[PDB]
Amino acid sequence: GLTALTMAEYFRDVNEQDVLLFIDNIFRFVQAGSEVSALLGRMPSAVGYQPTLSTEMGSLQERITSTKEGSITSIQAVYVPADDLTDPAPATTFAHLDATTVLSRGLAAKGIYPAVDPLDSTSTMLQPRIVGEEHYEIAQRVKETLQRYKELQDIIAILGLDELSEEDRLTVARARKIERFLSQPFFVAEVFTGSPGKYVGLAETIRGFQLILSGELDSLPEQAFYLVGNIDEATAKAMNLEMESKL
Amino acid sequence: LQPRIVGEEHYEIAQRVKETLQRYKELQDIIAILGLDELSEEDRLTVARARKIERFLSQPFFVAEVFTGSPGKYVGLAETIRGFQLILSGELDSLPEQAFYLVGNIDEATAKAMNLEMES
Amino acid sequence: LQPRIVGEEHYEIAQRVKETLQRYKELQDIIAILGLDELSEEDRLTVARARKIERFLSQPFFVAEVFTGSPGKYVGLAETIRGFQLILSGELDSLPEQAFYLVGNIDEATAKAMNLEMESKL
Amino acid sequence: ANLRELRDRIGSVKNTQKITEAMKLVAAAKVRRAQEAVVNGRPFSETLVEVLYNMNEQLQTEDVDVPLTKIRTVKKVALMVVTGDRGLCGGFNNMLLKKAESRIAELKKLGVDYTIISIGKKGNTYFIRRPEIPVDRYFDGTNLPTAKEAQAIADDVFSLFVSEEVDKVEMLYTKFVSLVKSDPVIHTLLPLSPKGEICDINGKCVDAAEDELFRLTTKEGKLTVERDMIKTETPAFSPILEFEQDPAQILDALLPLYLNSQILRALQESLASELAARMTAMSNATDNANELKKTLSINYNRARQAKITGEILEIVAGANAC
Amino acid sequence: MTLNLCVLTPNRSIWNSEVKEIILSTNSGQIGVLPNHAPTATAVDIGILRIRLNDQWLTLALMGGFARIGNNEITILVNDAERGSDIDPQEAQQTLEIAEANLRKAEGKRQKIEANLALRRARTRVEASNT
Amino acid sequence: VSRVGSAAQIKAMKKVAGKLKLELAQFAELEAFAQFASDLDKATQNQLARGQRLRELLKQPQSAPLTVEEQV
Amino acid sequence: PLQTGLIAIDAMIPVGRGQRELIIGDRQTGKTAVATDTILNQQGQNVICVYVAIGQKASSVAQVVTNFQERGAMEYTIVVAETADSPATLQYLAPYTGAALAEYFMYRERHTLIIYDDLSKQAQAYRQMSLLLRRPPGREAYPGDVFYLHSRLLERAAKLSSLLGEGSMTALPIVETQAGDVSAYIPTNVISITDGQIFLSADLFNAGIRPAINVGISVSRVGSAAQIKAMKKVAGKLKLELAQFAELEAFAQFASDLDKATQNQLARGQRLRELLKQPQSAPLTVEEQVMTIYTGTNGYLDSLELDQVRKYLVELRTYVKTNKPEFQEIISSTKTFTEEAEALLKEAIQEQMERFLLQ
Amino acid sequence: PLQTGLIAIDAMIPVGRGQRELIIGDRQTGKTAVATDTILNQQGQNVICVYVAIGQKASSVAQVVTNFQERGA
Ligand SMILES: Nc1ncnc2c1ncn2[C@@H]1O[C@H](COP(=O)(O)OP(=O)(O)OP(=O)(O)O)[C@@H](O)[C@H]1O
Ligand SMILES: Nc1ncnc2c1ncn2[C@@H]1O[C@H](COP(=O)(O)OP(=O)(O)OP(=O)(O)O)[C@@H](O)[C@H]1O
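For every chain, the first residue of the written sequence is numbered 1 and the count continues from 1 onward along that sequence, whatever numbering the entry uses; residues with no coordinates are hidden. Chains carry letters and ligands carry numbers; both start at the beginning, A for chains and 1 for ligands, and go up in the order they are written. Reported quantities concern only the chains on display, which constitute a fraction of a larger assembly. Note: side-chain values were computed over all heavy atoms of the structure, leaving out hydrogens and water.

## Points about the site of ligand 1
Here's step 1: The nearness test applies per residue and asks whether one of its heavy atoms lies within 4 Å of the molecule or strand. Close to ligand 1 lie 15 residues; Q28, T32, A33, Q278 and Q280 of chain G are nearest.
Here's step 2: The environment around ligand 1 is built from residues contributed by chains C and G.
Here's step 3: Within 3.5 Å is the distance limit for a polar contact, defined as a pair of N or O atoms, with the added protein rule that one can donate a hydrogen and the other accept it, and that residues adjacent in sequence qualify only through two side-chain atoms. Measuring from a nitrogen atom of ligand 1, one finds a backbone N or O atom of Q278 of chain G at 2.9 Å.
Here's step 4: Accessibility throughout is a Shrake-Rupley quantity obtained with a 1.4 Å probe, and a residue counts as covered only by protein chains that appear here. When the free accessible area of ligand 1 is taken as 620 Å², the share hidden by the protein chains comes to 76%.
Here's step 5: Helical segments are the DSSP runs of H or I of at least four residues, strand segments are the runs of E of at least two, and each set is numbered from the N terminus. Element by element, the count of residues in the shell around ligand 1 is highest for helix 2 (residues 31-41) of chain G, at 3 residues.
Here's step 6: Charged residues are taken to be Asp, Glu, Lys and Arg, nonpolar residues to be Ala, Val, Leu, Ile, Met, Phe, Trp, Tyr, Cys and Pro, and polar residues to be all remaining types, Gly included. Partitioned by chemical class, the residues of the shell around ligand 1 number 4 nonpolar, 7 polar and 4 charged.
Here's step 7: Residues lining the shell around ligand 1 come from more than one domain, with at least three contributed by each of domain 1 (1-227) and domain 2 (228-359) of chain G. Domains are outlined according to an automatic or database domain assignment.

Below is the structure:
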């Protein structure tokens, strides 16, 4: 890990680049440290880890920063031992994490790659002061719509969409379209999915979600938003799905 | 707590209090998941009496007048014994649980219950 | 307990006893809180037969008549197979559970059932 | 073996949560089916009440003198109670039996010679274990309440009345008006108005606010009910019906249909209300088992870390002692 | 080719199909309704209601009620109706023997009426199970 | 438990209290299982009643003993 | 693909040549049984098999080797045996000699299979000698290089590079958990090292379902690349339907008052579970299990009773293998589930349903 | 009183000068927003403030110190 961090710090410092340092399972870094301390004979810390757990972790995490030159951003895979977030490997890993993306087998199976869970993913950046009041409120409204959909899935399973209230039906349709619009074709997954892949900045993101969330894009199918970016492409796919009907 | 040291009346009242509290502690987890609606009539009566007992156990302190207000009460032993005889005997069975919370000398519990019902 | 070693009748009756006891152990918390009355028709029969099997697994030992206070019994293998096959056949559904407690074989179970019925009537 | 029994307790709590949410969902399905049953049994009673209103208007000047509309003011009383068949009920059967205790406590005072017909299972178990109450019949929910239970009840109460042994057969049931709350009502049944309107225990025409055809719709993300006033009713017109039977005997052959329809409607309402109470009780129990599972998982993680710590500290203490 | 006929039990609509000739077991006696009948409102007895499918004359098993005749759109409100034959007569005789037995047992003035209604309904149960 | 068992008892106590521990454990399990049973048999109610009478009999004030004939 | 003969493995947790799959379970759940079924299923394939018995009882190894000689799986197998009376050094060295033998055969262009039965015993032997050499212990007194012990061994199981010979060595280590503690030290080590894990449950073993594979918690990081083209088609439907059954399983006691589609999915899952059952030392060929999955997942056994599904399937597999060898040939040569194979299979299913309803 | 500026603290958990009041919670539940609120509230009062960051990441200290500098504390 320190070898990788040195190779990344060169690119940051000397070339003034924005570096993306990918760590593999950072649990195995902590585990290898616990191994070398058990070998050197030191007395273990609480749940069996090395006594130098917090300092060993900090000596790594304190060089993934942003200087006046560039910025190293790290995306670290985190394994939770015994699935508890209170174990000293997650308890000290999470003292250095800024955001969190959970990848969901549900979305991976139902075809909504990238399979990031929208509700179990967090970020300390998603605050008004940091991202703008508009961005914050649209993100909160999308989370509320998805949460209402997840709460209403069982009710629509029992009764049906024709038996819900009008506002709840409108919510269910909007959330369906939103869940399908979170998906995106990748420049890398292009080679087997075939779709040419898209890059979608944040401005077009919030502007497409504002439209799909207000009552402007309500007269469109669900599969017109699926696997596109840049909501104008969603309207183009919609026009194609309507050409299939006028034909 | 022996019938030869504290007398038989004190001993029997303490035993009955601990018995109802033990029954309550037993069915605590069942009434935590399910609730009181599933218990029998005698078990519901024991639950209500155990709740009145655990409220009549609290008391205002002179040294804690800053935290609770409602200044402290000194309660003798005879008053405690009469109050718990009154609770377990079924006489004080139709008055709110909050009438017993943070008082001394169960005549104050009755005064508080009357005040609460008249205030609504 | 392999079929080729133990015989198909023995192997299958052992498997059925073990499945009934495991199903009863898995039904334990859906009973212990939610009520034995609301249970389905198949699970009530499972619970009844599994309690009868649990009682019938017990046996008085010759060396333990100081503890059980009753004479001990030697039970051959064929009588065990026949007794458990009777129990989970469904024809011993009429005997009380306690008629299967601490009995040698299944004729002792039926005799104890008869005695219990006599004590209950007169 | 303490950690393993903790793991097993947590697993049993997970099983309890899964089965309580299954019970909640199947109770919601059964509420929807009971609503379907009510809306399917509606039009029969609609045509019946319009026919009977017209015929009574054709008979107010007449001498109808049917035993069902007749008033026997000597006032014996026959309270009847429907209760929950199955269990856990939220607090359904408790409130029902409690209002029954209230009514009989008011009645045995006045000497009106009360008596009780129990229809539910929890009700009749309560009544047999509390033998200080006179009782007339027992019924159960094993038999379906859709047709045969209610038809037997109608037979029993009809033969109770026309053999003029008792007056004032009134019913205690619990109309499904809301998910979390369902307050029981006492409606009189047999001393019925000739118009054909269901009354209250006193009789001040509570058919006005009956709010037919409850239905289930969510409000914002959670299921509620919505109950309106008047649907698909055409009672006004009555052509020349040119009766073939006797004008009083027409009502004599008609009014048992009103008795059966009212009893069946009350059974369907109390069934839907019992299932709604069960749904809300199982929702509460699922939520409580959820928070209990969370607390158990926290305590177990703490115990596991403490066990690992103590074990390794003991091992290293022994090694350093060597 | 005939007037519309509907039987309605308290919970469900039985069948909204029309049949040609219908004999009605009434309180005054068996009457038959002819197509394009003038509207006559008749009371119904616990008896045998039979239909004419214009292909085969068939019976309905009802437990009482009241029938209205409309302008070729008639309604029959009953207490309990069994369309056609659904039970066989053998269980019906195994039930009539207990019917006549419990009449002898139950002789209270209210149980008098209970057993009399049990007889009146069991009899029409059999005489509708005839076909 | 007692590893010595009824050999540490007089013949009177062996006669009257030989099969009692196992039946008391069986009653305890039965009474546990009958808490979540709605309808009961008459024999089950009688067994429950006997178990509860015995459990009331099992009580003793401290330093207030019974002899062997009182125990019998 | 590395065919294990167990349908629930080859469809749900497929193992490939060069993959390290963990057979982890509790005691007496069927780990050795799964290993033996795989070694017996390697009969047709030219896979050299290695079974390493570490700290076992000598009569257990005797029974296993006589079972091998009986079923004829001894001509392509080697048995490395270090019983529990051996010094700790020999039980610690035995898996490495097994790996050396399999490496010889692997680098000579042959495909090999190695089973390390109870690697936990090797870890305990290494812990014993580490403690006796006075080394600083760790958690559960294990030396800090016990992960190195296990990883240095498991990384030898490779799939070579087509210029080294296209050979491979599949490793099937066996790890025994205690009291269901998957978070125990050595199980976590081997779970971190190996490609996938195959969990066995004592509750499933007692409930009758044997082999007691807990598919909901078993993973295979290799995925469908360890399958033939004929198996992925039917495995998709098997996966989807078993997942739906696992969802609705809590609703099985309320099946009567449920939707018809939900009752259908519940019955479908509860009779798909019946075809996952399998007797010991009877591995199925890939065509037999393809036909079994096809029938079950399409619903040509949604009419029979659960006490008849297994018997019907045995009679059906024998019927197809005897009467219509063209289906076996299509699935064997082309390795794909051809529409002609579907036609032959539907004809055989119809004819066998008639012959079975003839009783 | 030692006023923190927060209504809830100053109303229900009042703190005086000379009291050791603990700020206890999970991670990212506050406590540093609270600490900085109490420090920024001492502008008029004649109170020296000390802030010891014992194991925080360097960027958190950077944010806190720049907020202090900007707001004048
Ligand atoms: N598929 C199966 N069908 C029937 N029985 C089986 C099956 N698999 C295993 N068994 C039975 O389970 C018993 C134990 O199996 P096995 O020894 O393979 O498990 P194990 O976990 O290796 O045992 P141990 O824990 O002693 O190592 C054996 O008697 C065997 O017959
Ligand atoms: N009162 C508040 N209003 C708005 N945002 C707040 C408030 N308090 C805290 N936050 C936001 O919540 C996030 C966490 O708060 P804070 O920095 O106080 O916790 P913390 O002490 O850093 O937790 P930890 O040190 O364990 O990470 C911060 O990014 C902050 O912007």
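## Describing the interface of chain G and chain A
Here's step 1: Any two residues whose heavy atoms approach within 4.5 Å are treated as being in contact. Contacts between the two partners involve 8 residues from chain G, matched on the other side by 7 residues from chain A.
Here's step 2: Throughout, the accessible surface (probe 1.4 Å) given up by two parts as they are put together, summed over both, is called the buried area. Surface buried jointly by chain G and chain A totals about 640 Å² across both partners, of which 59% is contributed by carbon and sulfur atoms.
Here's step 3: In terms of surface lost to chain A, no three residues of chain G exceed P136, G144 and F147 of chain G, which account for 54% of the buried area on that side.
Here's step 4: Salt bridge criterion: a side-chain nitrogen from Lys or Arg within 4 Å of a carboxyl oxygen from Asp or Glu. Viewed at the interface, chain A and chain G are joined by 0 salt bridges.
Here's step 5: Put simply, chain G and chain A have 0 residue pairs in polar contact between them.
Here's step 6: When the residues that make up the side of chain G that touches chain A are grouped by side-chain class, the tally is 4 nonpolar, 3 polar and 1 charged.

## Notes on the arrangement of the chains
Here's step 1: Taking contact number as the criterion, the leading pair out of 12 pairs of chains in contact is chains D and E.
Here's step 2: There is a gap between chain A and chain E: no contact, and a shortest C-alpha distance of 22 Å.
Here's step 3: Chain G makes no contact with chain F, the minimum C-alpha separation between the two being 18 Å.

## Details of the interface of chain D and chain E
Here's step 1: With 31 residues of chain D at the interface, the matching set in chain E holds 28 residues.
Here's step 2: Buried surface at the junction of chain D and chain E, summed over both partners, amounts to about 2,700 Å²; 56% is from carbon and sulfur atoms.
Here's step 3: Counting the contacts that link chain D with chain E gives 2 salt bridges.
Here's step 4: For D156 of chain D, the salt bridge is made with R110 of chain E, and the minimal N-O distance between the two is 3.1 Å.
Here's step 5: Our count for the contact surface shared by chain D and chain E stands at 13 residue pairs in polar contact.
Here's step 6: Elements with a minimum of two residues in the side of chain D that touches chain E: helix 1 (2-57), helix 4 (148-162) and helix 5 (247-321) of chain D.
Here's step 7: In terms of residues, the side of chain D that touches chain E owes the most to one element, helix 5 of chain D, which gives 7 residues.
Here's step 8: Among the residues making up the side of chain D that touches chain E, the classes are represented as 15 nonpolar, 10 polar and 6 charged.

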